[PDB]
Amino acid sequence: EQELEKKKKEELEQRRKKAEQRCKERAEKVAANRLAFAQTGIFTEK
Amino acid sequence: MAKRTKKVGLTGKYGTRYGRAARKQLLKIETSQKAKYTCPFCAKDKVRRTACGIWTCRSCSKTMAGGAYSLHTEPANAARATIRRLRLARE
Amino acid sequence: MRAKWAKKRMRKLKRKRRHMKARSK
Amino acid sequence: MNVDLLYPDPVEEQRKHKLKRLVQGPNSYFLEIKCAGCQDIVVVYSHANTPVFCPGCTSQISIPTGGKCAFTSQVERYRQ
Amino acid sequence: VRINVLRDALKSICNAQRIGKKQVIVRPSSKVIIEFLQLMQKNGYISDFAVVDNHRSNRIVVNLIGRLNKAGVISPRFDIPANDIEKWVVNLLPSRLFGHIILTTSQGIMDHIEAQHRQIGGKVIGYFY
Amino acid sequence: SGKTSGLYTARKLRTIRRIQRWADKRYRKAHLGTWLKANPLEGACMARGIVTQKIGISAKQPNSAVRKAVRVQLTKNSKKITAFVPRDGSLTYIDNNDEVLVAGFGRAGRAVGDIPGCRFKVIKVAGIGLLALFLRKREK
Amino acid sequence: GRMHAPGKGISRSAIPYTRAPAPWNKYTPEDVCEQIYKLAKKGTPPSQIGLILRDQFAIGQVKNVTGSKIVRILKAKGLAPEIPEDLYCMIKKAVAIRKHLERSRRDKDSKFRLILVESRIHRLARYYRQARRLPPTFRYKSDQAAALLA
Amino acid sequence: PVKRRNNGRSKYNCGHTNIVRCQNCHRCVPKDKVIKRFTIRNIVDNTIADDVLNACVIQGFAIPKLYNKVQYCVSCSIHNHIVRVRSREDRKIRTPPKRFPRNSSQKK
RNA sequence: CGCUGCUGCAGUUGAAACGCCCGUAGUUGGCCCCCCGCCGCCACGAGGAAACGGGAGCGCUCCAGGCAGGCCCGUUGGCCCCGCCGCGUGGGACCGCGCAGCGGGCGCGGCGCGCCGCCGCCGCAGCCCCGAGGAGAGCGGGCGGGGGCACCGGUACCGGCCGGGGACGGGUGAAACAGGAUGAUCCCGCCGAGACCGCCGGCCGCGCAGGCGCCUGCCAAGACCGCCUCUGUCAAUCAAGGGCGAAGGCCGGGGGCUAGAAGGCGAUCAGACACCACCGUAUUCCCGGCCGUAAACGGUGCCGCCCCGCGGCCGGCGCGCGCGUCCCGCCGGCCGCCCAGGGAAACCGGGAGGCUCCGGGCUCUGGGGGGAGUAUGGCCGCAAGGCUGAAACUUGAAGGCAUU
RNA sequence: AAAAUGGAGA
């Protein structure tokens with residue numbers, strides 16, 4: 001049974017689960033990758 | 001568990017004999033007689049009654065001159081502090 | 001206090017029945 | 001005397017309960033405070049629950065009380 | 001706790017009108033209490049109303065024509081067939097001249113008069129004298 | 001009264017009505033079922049039987065005269081119950097054991113008027129109506 | 001109803017009507033996100049997270065600045081509380097109350113609170129078991145209540 | 001047929017109180033149903049105040065003033081006439097009558 | 001006879017809110033997502049034996065009757081019944097609940113297509129309503145005779161001890177019972193236990209209620225108010241089930257200062273069994289258990305809503321003011337009087353009002369006065385007693401508040 | 001200080 005607990009962990013890993021960087025890709029994103037919101041000239045997209 | 005529902009379990013060792021007053025009074029005293037109280041120095045509940053009056057704690061390896069049926073008889077427990085009161089007052 | 005001296009009288013009547021019911025059986 | 005419930009009168013509204021008013025709104029405000037030594041601006045709630053320390057001075061600029069937060073340094077009024 | 005908003009509104013409106021205060025407040029706006037109020041305004045018992053809106057329950061401010069005699073609710077809704085609409089008019093309406101019982105029918109929510117004439121009977125939400 | 005009212009509460013009201021129905025003295029009288037067994041008469045207009053010892057029950061107040069009644073054992077339940085005689089001086093006709101029918105006092109259980117402790121009323125003796133015996137309409 | 005306690009009070013407070021961000025808005029909504037995780041890194045529970053952000057920093061309302069709840073940014077991030085703070089804190093209270101009851105058993109009144117708080121904990125946890133917050137197996141018990149902190 | 005709204009007591013937000021016994025009856029009474037008149041009286045009688053003041057061996061002496069509470073039971077109060085049963089109109093009058101701000105146990 | 005109450009009854013005093021609180025089923029859950037699908041739900045059919053009854057036409061010598069009658073609707077006997085809890089048909093208002101990201105391509109992927117696969121594929125605005133004068137948690141500050149555990153200071157009362165002094169002392173409504181020249185009462189010092197926490201002490205405050213008052217501390221809280229703090233309906237009342245619960249009682253110890261059920265006296269009165277004096281045991285105080293009841297009463301269950309004004313007291317929290325416990329609100333609780341309104345009245349009116357114009361929710365209880373809390377079973381307790389709970393029979397009022 | 005009755009039924 002204890003081994004199947006490890007198997008349950010395996011199925012969880014495939015799910016997005018823990019993506020701390022994805023939630024924190026906001027303040028860090030606003031310093032480097034922010035696009036044309038103020039004085040940037042690259043407005044046109046795709 | 002709870003083999004004999006009535007509270008007279010320690011004193012169930014007697015059976016139908018010896019009346020209903022004596023058996024009940026014995027239950028309280030007998031349970032107190034074999035109880036593990038806490039020796040002062042050892043501070044662990046390892047004391048039993050070696051013989052009426054003298055009780056000793058296995059860990060503390062010390063013999064306390066307590067009561068016949070309990071490490072601290074109720075009247076003495078008071079006298080303790082009354083000696084302390086007179087003494088603290090003396091100096 | 002009639003209620004008290006009726007109720008406790010009733011209790012004395014109730015107790016009399018108990019001895020009468022058991023001793024007779 | 002002309003008093004109208006539909007168009008709510010603001011003067012009485014202030015004295016009214018934060019919930020009893022025709023609209024249940026906040027009854028507290030954010031106040032920036034002026035540290036006398038330096039001009040860093042610290043925003044504090046009208047009623048403070050946790051202490052805010054003026055940047056550059058470890059000692060809390062606000063020691064919270066059940067309602068108004070007093071300040072060890074001089075106070076900048078509201079937002080001004 | 002508060003289960004029937006309309007009873008707390010009906011006695012809110014009726015009690016206020018009893019003192020003669022035209023403007024009244026209601027703690028929660030309901031789309032069903034909108035139905036009773038706008039059918040009251042439609043029959044002319046109540047005057048222009050409004051809901052000051054927070055994002056929560058909302059409060060209803062209603063001005064009155066001052067003519068309301070009685071209003072009330074049947075809790076909870078009891079369903080009557082369109083055959084029995086008139087027995088309920090006898091018990092809960094003073095006269096058949098000013099009779100109005102709020103019925104709920106799937107095809108629109110109307111007062112008792114129009115519904116039986118439309119041969120549909122649903123549940124009696126509240127009484128309107 | 002608290003009252004429990006909801007669209008799905010036909011339970012509270014059904015039990016309550018059943019339990020609180022048997023509170024009336026009259027309801028319990030006809031619904032306990034004790035009354036058919038308890039009444040000397042088995043719930044009937046009249047009961048045949050044989051006459052036993054005659055009786056002179058003192059009245060109460062205002063009425064202050066002895067009212068002659070006869071105690072008869074109803075044949076069907078083998079029980080002895082007293083029956084008030086009809087009109088003035090009508091008891092002299094009734095003496096030893098004779099066929100007697102007994103009927104209710106209207107109240108159906110309570111003793112009639114102010115004559116205490118009598119629940120039933122004789123209506124016949126022998127094979128002739130006892131109210132005709134009084135008028136000598138029908139008599140031995 | 002103040003739940004079990006009879007005493008009734010209104011202690012609620014009114015947050016700002018604008019659903020959109022406050023005007024001054026000293027930081028960016030994006031800037032707000034890194035401060036909230038930092039509070040998970042500081043170890044602040046979610047209730048205390050809003051309180052400290054509220055006075056220490058200008059941010060006072062979370063939804064207005066960013067469209068989420070204190071816990072929803074944290075739930076997407078690594079620190080997601082399985083036992084919501086509102087239960088974790090009440091379990092913490094039962095242990096603390098048990099400590100008085102074990103030391104002295106003569107306090108029937110404190111025993112009434114330890115009975116009241118146990119009962120409140122059970123009600124809140126039946127909610128979190130029907131929802132996905134707490135596992136169906138999770139059941140409050142008397143002995144491991146101390147260990148539930150882990 | 002409730003006689004008084006107070007019910008002879010000032011108990012509000014309460015359930016039970018302490019018992020003080022009547023000086024006359026000796027009857028235990030809860031603090032709520034007891035009269036509790038506070039009385040200030042000079043220790044000597046007023047009649048012999050003059051001769052004792054005349055014997056003022058110490059300078060500027062003043063009479064011994066005693067502060068005590070009198071708490072008669074309900075039955076003790078009526079028979080010793082501390083208070084008198086009154087009519088419905090008089091029931092709500094919250095004041096002791098016959099003025100008397102004079103400082104002695106006897107009102108004189 | 002709305003005196004069985006669903007419509008449509010009472011429960012502050014007639015009959016009646018569990019002593020108190022938690023609590024599982026049960027019942028009941030605010031706004032709120034138009035459109036989809038199920039619930040329930042009405043409209044509304046199909047097919048549902050009559051007799052009987054509602055009800056065509058009809059003059060037995062008139063009906064009650066019957067369905068006959070006459071140159072006649074193919075003359076009749078038409079029609080509504082049957083409840084049929086299903087079954088169609090439709091509305092979807094209300095009513096409860098709804099999950100799996102969609103979608104496209106390959107797709108006729110077998111007389112038409114689905115499954116199911118396989119593709120981020122590009123069409124996704126792909127994705128967490130709100131933040132309840134619901135509740136839970138949180139934080140800041142005060143709040144209280146609120147609780148436990150130690151600790152401890154007073155005086156009193158009683159009992160000793162020494163000293164002094166000098167006959168009476170006690171007790172009362174008067175008296176007497178028992179004190180006292182081995183010296184009482186009395187007057188002071190010295191002391192020993194045991195309870196008790198005085199005046200301050202209250203339309204004060206606290207607490208689930210019973211209840212809560214020595215000084216020092218110590219432990220766990222509770223309610224409260226304030227807040228741009230999260231939680232997101234976790235809610236209400238609650239059978240069964242628990243937890244407490246004054247005194248008295250009981251069961252073993254410990255303790256024993258005063259009062260003091262019993263029991264003794266004296267003194268009362270034709271009796272004094274008693275009232276009153278004087279002793280005095282159980283008890284009272286503590287610990288460990290049982291009891292589980294009180295006029296446990298506010299004689300008024302709980303959670304909600306709306307109110308008519310005038311003042312207090314306590315808890316915060318703001319309001320300006322020459323800053324004074326100054327005013328003025330937000331108040332949460334304590335309340336007094338009371339306006340309509342209600343009530344058989346008395347009275348209530350921070351309700352017992354909004355209600356014969358009689359329908360927020362939810363537990364409990366009553367049905368003339370006896371018998372009767374009895375009998376009989378069960379349960380509980382060691383017992384006392386508790387808890388549950390009829391009848392046979394009686395008999396005409398019992399009762400409620402008010403007027404002289 | 002003591003201090004007890006008041007037949008039935010207009």
# chains A, B, ... in the order shown; residues from 1 in each chain; ligands from 1
call {"tool": "interface_residues", "arguments": {"of": "chain E", "to": "chain D", "cutoff": "12 Å", "atoms": "only C-alpha atoms", "output": "PyMOL selection string"}}
result
chain E and resi 21-28+48-63
call {"tool": "select_by_dssp", "arguments": {"residues": "stretch 1-75 of chain D", "states": "helix (DSSP H, G or I)", "output": "PDB file with N, CA, C and O atoms, in the first residue's frame"}}
result
ATOM      1  N   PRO D  10     -25.316  63.362   2.350  1.00  0.00           N
ATOM      2  CA  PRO D  10     -23.987  62.959   2.812  1.00  0.00           C
ATOM      3  C   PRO D  10     -23.668  63.414   4.238  1.00  0.00           C
ATOM      4  O   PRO D  10     -22.907  62.732   4.886  1.00  0.00           O
ATOM      5  N   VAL D  11     -24.223  64.543   4.678  1.00  0.00           N
ATOM      6  CA  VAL D  11     -23.844  65.036   6.037  1.00  0.00           C
ATOM      7  C   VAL D  11     -24.202  64.004   7.117  1.00  0.00           C
ATOM      8  O   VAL D  11     -23.329  63.710   7.960  1.00  0.00           O
ATOM      9  N   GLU D  12     -25.402  63.427   7.062  1.00  0.00           N
ATOM     10  CA  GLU D  12     -25.813  62.477   8.121  1.00  0.00           C
ATOM     11  C   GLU D  12     -25.043  61.183   7.887  1.00  0.00           C
ATOM     12  O   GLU D  12     -24.652  60.545   8.875  1.00  0.00           O
ATOM     13  N   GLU D  13     -24.838  60.825   6.620  1.00  0.00           N
ATOM     14  CA  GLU D  13     -24.175  59.541   6.281  1.00  0.00           C
ATOM     15  C   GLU D  13     -22.904  59.369   7.119  1.00  0.00           C
ATOM     16  O   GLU D  13     -22.672  58.251   7.603  1.00  0.00           O
ATOM     17  N   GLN D  14     -22.127  60.429   7.327  1.00  0.00           N
ATOM     18  CA  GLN D  14     -20.858  60.212   8.056  1.00  0.00           C
ATOM     19  C   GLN D  14     -21.184  59.705   9.457  1.00  0.00           C
ATOM     20  O   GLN D  14     -20.562  58.719   9.886  1.00  0.00           O
ATOM     21  N   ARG D  15     -22.171  60.309  10.117  1.00  0.00           N
ATOM     22  CA  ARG D  15     -22.483  59.923  11.519  1.00  0.00           C
ATOM     23  C   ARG D  15     -23.071  58.512  11.529  1.00  0.00           C
ATOM     24  O   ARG D  15     -23.027  57.868  12.587  1.00  0.00           O
TER      25      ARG D  15
END
call {"tool": "residues_around", "arguments": {"residues": "residue B:9", "least_positions_apart": "4", "cutoff": "12 Å", "atoms": "only C-alpha atoms (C1' of nucleotides)", "output": "number ranges by chain"}}
result
B: 1-5, 13-15, 23-24, 26-28, 30-31
call {"tool": "interface_residues", "arguments": {"of": "chain I", "to": "chain B", "cutoff": "12 Å", "atoms": "only C-alpha atoms (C1' of nucleotides)", "output": "VMD selection string"}}
result
chain I and resid 152 193 251 to 255 286 to 289 382
call {"tool": "write_last_selection", "arguments": {"atoms": "N, CA and C atoms (P, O5', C5', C4', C3', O3' and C1' of nucleotides)", "output": "PDB file, in the first residue's frame"}}
result
ATOM      1  P     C I 152       1.755  31.485  51.847  1.00  0.00           P
ATOM      2  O5'   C I 152       0.752  32.602  52.375  1.00  0.00           O
ATOM      3  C5'   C I 152       1.173  33.974  52.478  1.00  0.00           C
ATOM      4  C4'   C I 152       0.007  34.899  52.236  1.00  0.00           C
ATOM      5  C3'   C I 152      -0.908  35.123  53.424  1.00  0.00           C
ATOM      6  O3'   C I 152      -0.363  36.148  54.244  1.00  0.00           O
ATOM      7  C1'   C I 152      -2.186  34.805  51.437  1.00  0.00           C
ATOM      8  P     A I 193      -3.114  27.054  64.207  1.00  0.00           P
ATOM      9  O5'   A I 193      -3.736  25.825  63.416  1.00  0.00           O
ATOM     10  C5'   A I 193      -4.942  26.001  62.665  1.00  0.00           C
ATOM     11  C4'   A I 193      -6.063  25.194  63.266  1.00  0.00           C
ATOM     12  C3'   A I 193      -7.392  25.321  62.533  1.00  0.00           C
ATOM     13  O3'   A I 193      -7.437  24.436  61.405  1.00  0.00           O
ATOM     14  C1'   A I 193      -7.729  25.779  64.816  1.00  0.00           C
ATOM     15  P     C I 251     -25.004   6.814  53.339  1.00  0.00           P
ATOM     16  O5'   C I 251     -23.751   6.513  52.403  1.00  0.00           O
ATOM     17  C5'   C I 251     -23.808   5.475  51.410  1.00  0.00           C
ATOM     18  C4'   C I 251     -22.559   5.522  50.572  1.00  0.00           C
ATOM     19  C3'   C I 251     -21.268   5.669  51.358  1.00  0.00           C
ATOM     20  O3'   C I 251     -20.790   4.414  51.816  1.00  0.00           O
ATOM     21  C1'   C I 251     -21.265   7.154  49.508  1.00  0.00           C
ATOM     22  P     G I 252     -20.305   4.202  53.350  1.00  0.00           P
ATOM     23  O5'   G I 252     -19.099   5.249  53.559  1.00  0.00           O
ATOM     24  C5'   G I 252     -17.906   4.785  54.224  1.00  0.00           C
ATOM     25  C4'   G I 252     -16.705   5.123  53.378  1.00  0.00           C
ATOM     26  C3'   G I 252     -15.684   6.064  54.020  1.00  0.00           C
ATOM     27  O3'   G I 252     -14.779   5.351  54.852  1.00  0.00           O
ATOM     28  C1'   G I 252     -16.164   6.783  51.817  1.00  0.00           C
ATOM     29  P     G I 253     -14.770   5.613  56.426  1.00  0.00           P
ATOM     30  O5'   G I 253     -13.387   6.390  56.682  1.00  0.00           O
ATOM     31  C5'   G I 253     -13.388   7.833  56.617  1.00  0.00           C
ATOM     32  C4'   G I 253     -12.260   8.291  55.726  1.00  0.00           C
ATOM     33  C3'   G I 253     -11.604   9.617  56.117  1.00  0.00           C
ATOM     34  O3'   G I 253     -10.519   9.411  57.007  1.00  0.00           O
ATOM     35  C1'   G I 253     -12.316   9.743  53.884  1.00  0.00           C
ATOM     36  P     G I 254     -10.529  10.018  58.512  1.00  0.00           P
ATOM     37  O5'   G I 254     -10.305  11.603  58.309  1.00  0.00           O
ATOM     38  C5'   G I 254      -8.961  12.077  58.073  1.00  0.00           C
ATOM     39  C4'   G I 254      -9.016  13.382  57.325  1.00  0.00           C
ATOM     40  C3'   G I 254      -9.507  14.597  58.113  1.00  0.00           C
ATOM     41  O3'   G I 254      -8.544  15.146  58.998  1.00  0.00           O
ATOM     42  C1'   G I 254     -10.547  14.564  56.017  1.00  0.00           C
ATOM     43  P     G I 255      -8.901  15.314  60.547  1.00  0.00           P
ATOM     44  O5'   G I 255      -9.633  16.754  60.643  1.00  0.00           O
ATOM     45  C5'   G I 255      -9.049  17.905  59.978  1.00  0.00           C
ATOM     46  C4'   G I 255     -10.137  18.904  59.664  1.00  0.00           C
ATOM     47  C3'   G I 255     -11.051  19.288  60.830  1.00  0.00           C
ATOM     48  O3'   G I 255     -10.501  20.316  61.649  1.00  0.00           O
ATOM     49  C1'   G I 255     -12.376  18.668  58.989  1.00  0.00           C
ATOM     50  P     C I 286     -16.016  24.096  50.132  1.00  0.00           P
ATOM     51  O5'   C I 286     -14.822  23.049  50.032  1.00  0.00           O
ATOM     52  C5'   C I 286     -13.472  23.459  50.301  1.00  0.00           C
ATOM     53  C4'   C I 286     -12.608  22.254  50.563  1.00  0.00           C
ATOM     54  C3'   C I 286     -12.750  21.119  49.567  1.00  0.00           C
ATOM     55  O3'   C I 286     -12.001  21.349  48.383  1.00  0.00           O
ATOM     56  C1'   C I 286     -12.684  20.252  51.771  1.00  0.00           C
ATOM     57  P     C I 287     -12.623  20.947  46.972  1.00  0.00           P
ATOM     58  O5'   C I 287     -12.103  19.459  46.760  1.00  0.00           O
ATOM     59  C5'   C I 287     -10.713  19.137  46.943  1.00  0.00           C
ATOM     60  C4'   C I 287     -10.556  17.657  47.167  1.00  0.00           C
ATOM     61  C3'   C I 287     -11.344  16.772  46.221  1.00  0.00           C
ATOM     62  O3'   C I 287     -10.709  16.624  44.961  1.00  0.00           O
ATOM     63  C1'   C I 287     -11.485  15.935  48.439  1.00  0.00           C
ATOM     64  P     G I 288     -11.593  16.590  43.636  1.00  0.00           P
ATOM     65  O5'   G I 288     -12.124  15.069  43.564  1.00  0.00           O
ATOM     66  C5'   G I 288     -11.156  14.030  43.292  1.00  0.00           C
ATOM     67  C4'   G I 288     -11.691  12.693  43.740  1.00  0.00           C
ATOM     68  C3'   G I 288     -13.080  12.298  43.241  1.00  0.00           C
ATOM     69  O3'   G I 288     -13.181  12.043  41.844  1.00  0.00           O
ATOM     70  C1'   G I 288     -12.896  11.742  45.491  1.00  0.00           C
ATOM     71  P     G I 289     -14.312  12.785  40.951  1.00  0.00           P
ATOM     72  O5'   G I 289     -15.697  12.144  41.458  1.00  0.00           O
ATOM     73  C5'   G I 289     -16.490  11.392  40.514  1.00  0.00           C
ATOM     74  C4'   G I 289     -17.053  10.175  41.200  1.00  0.00           C
ATOM     75  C3'   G I 289     -18.580  10.074  41.230  1.00  0.00           C
ATOM     76  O3'   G I 289     -19.100   9.495  40.042  1.00  0.00           O
ATOM     77  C1'   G I 289     -17.744   9.758  43.401  1.00  0.00           C
ATOM     78  P     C I 382     -25.765   3.005  42.089  1.00  0.00           P
ATOM     79  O5'   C I 382     -26.882   2.327  43.000  1.00  0.00           O
ATOM     80  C5'   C I 382     -26.710   1.003  43.534  1.00  0.00           C
ATOM     81  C4'   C I 382     -26.813   1.040  45.037  1.00  0.00           C
ATOM     82  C3'   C I 382     -28.115   1.608  45.574  1.00  0.00           C
ATOM     83  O3'   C I 382     -29.056   0.567  45.784  1.00  0.00           O
ATOM     84  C1'   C I 382     -26.252   2.583  46.707  1.00  0.00           C
TER      85        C I 382
END
call {"tool": "residues_around", "arguments": {"residues": "stretch 11-20 of chain E", "least_positions_apart": "2", "cutoff": "12 Å", "atoms": "only C-alpha atoms (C1' of nucleotides)", "output": "VMD selection string"}}
result
(chain E and resid 4 to 9 22 to 28 33 36 to 37 40 45 to 47 49 59 to 73 126 to 129) or (chain I and resid 305 to 308 339 to 341 353 to 355 360)
call {"tool": "write_last_selection", "arguments": {"atoms": "C-alpha atoms (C1' of nucleotides)", "output": "PDB file, in the first residue's frame"}}
result
ATOM      1  CA  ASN E   4     -38.628  34.942   3.528  1.00  0.00           C
ATOM      2  CA  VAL E   5     -37.327  38.261   2.087  1.00  0.00           C
ATOM      3  CA  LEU E   6     -40.857  39.252   0.914  1.00  0.00           C
ATOM      4  CA  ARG E   7     -42.345  38.977   4.442  1.00  0.00           C
ATOM      5  CA  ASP E   8     -39.525  41.252   5.732  1.00  0.00           C
ATOM      6  CA  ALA E   9     -40.224  43.591   2.782  1.00  0.00           C
ATOM      7  CA  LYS E  22     -43.622  57.262   1.881  1.00  0.00           C
ATOM      8  CA  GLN E  23     -39.902  56.385   1.460  1.00  0.00           C
ATOM      9  CA  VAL E  24     -39.008  52.916   2.854  1.00  0.00           C
ATOM     10  CA  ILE E  25     -35.904  50.649   2.779  1.00  0.00           C
ATOM     11  CA  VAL E  26     -35.725  46.831   2.138  1.00  0.00           C
ATOM     12  CA  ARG E  27     -32.591  44.897   3.263  1.00  0.00           C
ATOM     13  CA  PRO E  28     -32.297  42.602   0.123  1.00  0.00           C
ATOM     14  CA  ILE E  33     -39.779  41.050  -4.833  1.00  0.00           C
ATOM     15  CA  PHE E  36     -44.534  42.001  -6.392  1.00  0.00           C
ATOM     16  CA  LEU E  37     -43.421  45.677  -6.280  1.00  0.00           C
ATOM     17  CA  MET E  40     -48.093  46.789  -6.951  1.00  0.00           C
ATOM     18  CA  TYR E  45     -50.929  50.698  -4.900  1.00  0.00           C
ATOM     19  CA  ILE E  46     -47.191  51.727  -4.732  1.00  0.00           C
ATOM     20  CA  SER E  47     -45.361  54.684  -6.414  1.00  0.00           C
ATOM     21  CA  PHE E  49     -39.267  52.745  -6.581  1.00  0.00           C
ATOM     22  CA  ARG E  59     -31.372  48.011  -0.560  1.00  0.00           C
ATOM     23  CA  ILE E  60     -34.751  49.000  -2.092  1.00  0.00           C
ATOM     24  CA  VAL E  61     -35.958  52.648  -1.631  1.00  0.00           C
ATOM     25  CA  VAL E  62     -39.654  52.926  -2.660  1.00  0.00           C
ATOM     26  CA  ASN E  63     -41.767  56.134  -2.618  1.00  0.00           C
ATOM     27  CA  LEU E  64     -45.485  55.425  -1.911  1.00  0.00           C
ATOM     28  CA  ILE E  65     -48.855  56.913  -3.061  1.00  0.00           C
ATOM     29  CA  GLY E  66     -49.856  56.313   0.575  1.00  0.00           C
ATOM     30  CA  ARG E  67     -52.928  54.267  -0.394  1.00  0.00           C
ATOM     31  CA  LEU E  68     -51.722  50.760   0.560  1.00  0.00           C
ATOM     32  CA  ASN E  69     -54.288  49.112   2.899  1.00  0.00           C
ATOM     33  CA  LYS E  70     -52.660  45.688   3.362  1.00  0.00           C
ATOM     34  CA  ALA E  71     -49.893  43.492   1.857  1.00  0.00           C
ATOM     35  CA  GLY E  72     -48.550  40.046   2.928  1.00  0.00           C
ATOM     36  CA  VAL E  73     -47.029  36.643   2.006  1.00  0.00           C
ATOM     37  CA  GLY E 126     -48.031  36.594  -1.465  1.00  0.00           C
ATOM     38  CA  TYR E 127     -51.342  38.396  -0.714  1.00  0.00           C
ATOM     39  CA  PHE E 128     -52.073  41.906  -2.048  1.00  0.00           C
ATOM     40  CA  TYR E 129     -55.067  43.777  -0.504  1.00  0.00           C
TER      41      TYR E 129
ATOM     42  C1'   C I 305     -37.387  41.164  10.552  1.00  0.00           C
ATOM     43  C1'   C I 306     -40.065  46.146  11.253  1.00  0.00           C
ATOM     44  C1'   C I 307     -40.784  49.850  15.019  1.00  0.00           C
ATOM     45  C1'   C I 308     -42.218  56.226  19.097  1.00  0.00           C
ATOM     46  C1'   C I 339     -46.909  56.593  21.568  1.00  0.00           C
ATOM     47  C1'   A I 340     -49.873  53.962  18.349  1.00  0.00           C
ATOM     48  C1'   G I 341     -50.740  48.500  18.253  1.00  0.00           C
ATOM     49  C1'   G I 353     -47.049  44.666  18.899  1.00  0.00           C
ATOM     50  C1'   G I 354     -46.900  44.452  13.405  1.00  0.00           C
ATOM     51  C1'   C I 355     -52.401  39.134  13.047  1.00  0.00           C
ATOM     52  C1'   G I 360     -40.361  34.246   8.409  1.00  0.00           C
TER      53        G I 360
END
call {"tool": "atom_distance", "arguments": {"atom1": "atom CA of residue A:21", "atom2": "atom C1' of residue I:126"}}
result
21.9 Å
call {"tool": "residues_around", "arguments": {"residues": "residue F:42", "least_positions_apart": "3", "cutoff": "12 Å", "atoms": "only C-alpha atoms (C1' of nucleotides)", "output": "short mmCIF file (atom, residue, chain, number, x, y, z; two decimals) with N, CA and C atoms, in the first residue's frame"}}
result
data_model
loop_
_atom_site.label_atom_id
_atom_site.label_comp_id
_atom_site.auth_asym_id
_atom_site.auth_seq_id
_atom_site.Cartn_x
_atom_site.Cartn_y
_atom_site.Cartn_z
N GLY F 33 -61.26 3.12 23.04
CA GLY F 33 -61.86 1.78 22.90
C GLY F 33 -62.15 1.19 24.26
N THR F 34 -61.72 1.87 25.32
CA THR F 34 -62.02 1.42 26.70
C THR F 34 -63.52 1.47 26.94
N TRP F 35 -64.21 2.52 26.47
CA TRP F 35 -65.65 2.74 26.75
C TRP F 35 -66.57 1.59 26.32
N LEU F 36 -66.21 0.79 25.33
CA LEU F 36 -67.18 -0.24 24.89
C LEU F 36 -67.04 -1.38 25.89
N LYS F 37 -65.80 -1.69 26.27
CA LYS F 37 -65.54 -2.72 27.30
C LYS F 37 -65.96 -2.22 28.68
N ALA F 38 -65.60 -0.98 29.02
CA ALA F 38 -65.89 -0.43 30.36
C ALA F 38 -67.38 -0.25 30.63
N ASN F 39 -68.18 0.26 29.69
CA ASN F 39 -69.61 0.56 30.00
C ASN F 39 -70.29 -0.74 30.44
N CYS F 45 -78.67 0.64 22.99
CA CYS F 45 -79.80 1.45 23.50
C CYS F 45 -80.43 0.77 24.72
N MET F 46 -80.63 -0.55 24.66
CA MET F 46 -81.29 -1.28 25.78
C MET F 46 -80.59 -2.60 26.06
N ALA F 47 -80.68 -3.09 27.30
CA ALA F 47 -80.12 -4.43 27.60
C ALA F 47 -81.13 -5.22 28.43
N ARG F 48 -81.49 -6.44 28.01
CA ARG F 48 -82.39 -7.28 28.86
C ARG F 48 -81.68 -7.76 30.12
N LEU F 74 -77.32 -7.50 34.04
CA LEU F 74 -77.52 -7.65 32.58
C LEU F 74 -77.10 -9.06 32.18
N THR F 75 -77.95 -9.77 31.44
CA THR F 75 -77.66 -11.19 31.11
C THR F 75 -76.38 -11.31 30.29
N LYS F 76 -76.23 -10.47 29.27
CA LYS F 76 -75.07 -10.59 28.36
C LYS F 76 -73.69 -10.50 29.04
N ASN F 77 -73.44 -9.52 29.91
CA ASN F 77 -72.06 -9.37 30.44
C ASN F 77 -72.00 -9.89 31.88
N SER F 78 -73.11 -10.41 32.38
CA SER F 78 -73.15 -10.98 33.75
C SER F 78 -72.64 -9.97 34.78
N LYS F 79 -73.05 -8.71 34.66
CA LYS F 79 -72.58 -7.65 35.59
C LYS F 79 -73.80 -6.96 36.19
N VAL F 102 -82.79 -1.74 30.33
CA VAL F 102 -82.22 -0.51 30.95
C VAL F 102 -81.69 0.37 29.82
N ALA F 103 -81.76 1.69 29.97
CA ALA F 103 -81.37 2.58 28.86
C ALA F 103 -80.51 3.71 29.41
N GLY F 104 -79.92 4.48 28.51
CA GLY F 104 -79.00 5.56 28.92
C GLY F 104 -79.71 6.74 29.57
#
